[PDB]
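Residue numbers (the UniProt record's numbering): 45 to 57, 62 to 114, 119 to 380, 387 to 469. Think of the CB as a built atom: it goes at the ideal place given N, C-alpha and C, for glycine as much as any other residue.
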Ligand SMILES: CCCCCCCCCCCCCC(=O)SCCNC(=O)CCNC(=O)[C@H](O)C(C)(C)COP(=O)(O)OP(=O)(O)OC[C@H]1O[C@@H](n2cnc3c(N)ncnc32)[C@H](O)[C@@H]1OP(=O)(O)O
């Protein structure tokens, strides 16, 4: 490594929380120079008909992969990036001056997170992409340094991001598990096989989604549910919290003290034993009503959010998953988003979600072992994946924790 060694992240070479550096003042502000013939632009994902959007969609479709290609649609990208509070300058493009060919992208979105006894606005950096031909032209560190600069100028000094590769020391590692829905489609596409043991017909039967015990009262969310949903999440995070009740109701607001190395030191917290954290949520996204409205909605072939209503019009449960269309043949993959099971078991809620994914033409359903999802995927028909997702936080200390301690899902 000739870049990551110079950033405030935990290195491959503890048991406490808080900022790595409180450097409100001493960070670079001059926009970074690009190689001759390249220029930055703010990517206009606000107008779905724009040229910026076509170029971004094309760049990502052709080049965002470590075959098969994911195919983030334009509606998906607008949902995942034009979020409440988004800055125009956090959607960063690079183009060749002569041809106007988009050859790079990086994005950040603003989120609210709780980390142990602190709460803060932070950023999520995602969709880092360099045209296949310009790789090993050391362009990615520049996109990273530039998004960093644009985030710090908003007085945000931390970030969360994921990766397949191991870079520095991640605070947790998520593992994907996979539920097969459309056997025939996955078989013909070579994504799965027929166990030499059994026949195609039995394989299909083995992977059917059991629909012989159905939970009444689930329906898609609507805008007017947003306050009930906001409270539902607050109560879920209350139940699973890793701090006392008093700390939960009096979280250290880092936005208010991040301007001062004196005051910011308030955010440091030692941990007696890492096992004290066992199976509680330590870090998660926090949603206000505006956030709920945007994220927990329903957009065909992008995001599906169902709630359970009781006979008093009170929302008691929620499942949600997003959808990414892939091409090798068109394959639609659902991903588990956020799920709250209160009046049924988590397996039962997931069963209902899996049926809804099948009804939305999804061919498989992917779930990380985050939060409590291991209650679902242990001793089930889920198959463990090989894809392992490393979670990182920039400029904060988080002990290495189990994925069940993590309530953050990236797109
Ligand atoms: C306060 C705010 C702070 C905000 C900043 C928070 C940090 C954000 C971090 C970004 C979070 C990303 C979130 C997502 O989007 S996750 C998905 C990552 N993107 C892809 O998989 C798309 C397909 N791949 C590509 O487009 C390129 O290969 C990419 C762009 C990935 C690398 O480009 P390239 O292959 O042409 O190489 P280079 O010569 O230009 O540069 C080499 C340097 O780049 C480091 N590298 C390579 N890949 C990644 C990677 N996926 N994360 C972090 N670092 C990476 C590498 O260690 C090396 O550094 P070092 O070993 O010398 O030190």
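Proximity test, residue i beta-carbon vs ligand 1 heavy atom, cut-off 7 Å
i, result
"residue 260", "no"
"residue 297", "no"
"residue 189", "yes"
"residue 185", "no"
"residue 193", "yes"
"residue 430", "no"
"residue 149", "no"
"residue 46", "yes"
"residue 447", "no"
"residue 56", "no"
"residue 179", "yes"
"residue 336", "no"
"residue 362", "no"
"residue 119", "no"
"residue 220", "no"
"residue 215", "yes"
"residue 304", "no"
"residue 289", "no"
"residue 69", "no"
"residue 112", "yes"
"residue 211", "yes"
"residue 182", "yes"
Neighbourhood of residue i by C-beta, 8 Å cutoff - its chain only, sequence neighbours within 5 removed
i, result
"residue 111", "181, 182, 183 and 184"
"residue 299", "169"
"residue 216", "114, 445, 446, 447 and 448"
Assigned secondary structure, residue i (DSSP; H/G/I helix, E/B strand, else coil)
i, result
"residue 346", "helix"
"residue 429", "coil"
"residue 49", "helix"
"residue 272", "strand"
"residue 438", "coil"
"residue 98", "coil"
"residue 232", "strand"
"residue 316", "helix"
"residue 10", "In the structure as shown, the chain starts at 45 and stops at 469, and residue 10 therefore has no counterpart that could be examined."
"residue 90", "strand"
"residue 254", "helix"
"residue 311", "coil"
"residue 334", "coil"
"residue 282", "helix"
"residue 392", "strand"
"residue 108", "helix"
"residue 414", "helix"
"residue 368", "strand"
"residue 174", "strand"
"residue 299", "helix"
"residue 113", "coil"
"residue 408", "helix"
"residue 54", "coil"
Cβ-heavy atom distance, residue i to ligand 3, below 7 Å
i, result
"residue 175", "In terms of ligand content, the structure shown lacks ligand 3 and carries ligand 1 instead."
Neighbourhood of residue i by C-beta, 6 Å cutoff - its chain only, sequence neighbours within 5 removed
i, result
"residue 392", "373, 375, 415, 420 and 423"
"residue 224", "449, 459, 461 and 464"
"residue 408", "434"
"residue 214", "447, 449 and 468"
"residue 353", "375"
"residue 396", "372"
"residue 53", "220 and 452"
"residue 128", "354"
7 Å Cβ shell around residue i - same chain, five flanking residues per side excluded
i, result
"residue 263", "413"
"residue 153", "147"
"residue 259", "232, 235 and 439"
Three or more C-beta pairs below 8 Å linking the region 262-281 and the region 243-254: Flag = no, the region 262-281 and the region 243-254 do not touch.
Touch test, the region 417-424 against the region 171-180, Cβ-Cβ under 8 Å, three pairs minimum: Verdict: no, contact absent.
Segment contact flag, the region 120-140 with the region 357-369, C-beta cutoff 8 Å, min 3 pairs: Touching, no, given that fewer than three Cβ pairs across the two stretches are closer than 8 Å.
The region 77-91 in contact with the region 130-149 per 3-pair CB rule at 8 Å: As far as the Cβ criterion goes, the region 77-91 touches the region 130-149, which means the pair count is three or higher.
Given 8 Å, three or more beta-carbon pairs between the region 96-104 and the region 303-318: These segments do not touch.
Three-pair Cβ contact test at 8 Å for the region 237-251 versus the region 338-350: Touching, no.
Three or more C-beta pairs below 8 Å linking the region 311-330 and the region 437-444: They do not touch, by the three-pair rule.
Stretch pair the region 193-203 + the region 327-334: three plus CB contacts closer than 8 Å: No contact exists between the region 193-203 and the region 327-334.
contact_flag[the region 88-97, the region 138-145] where n(CB pairs < 8 Å) is 3 or more: Yes: at least three Cβ pairs fall under 8 Å.
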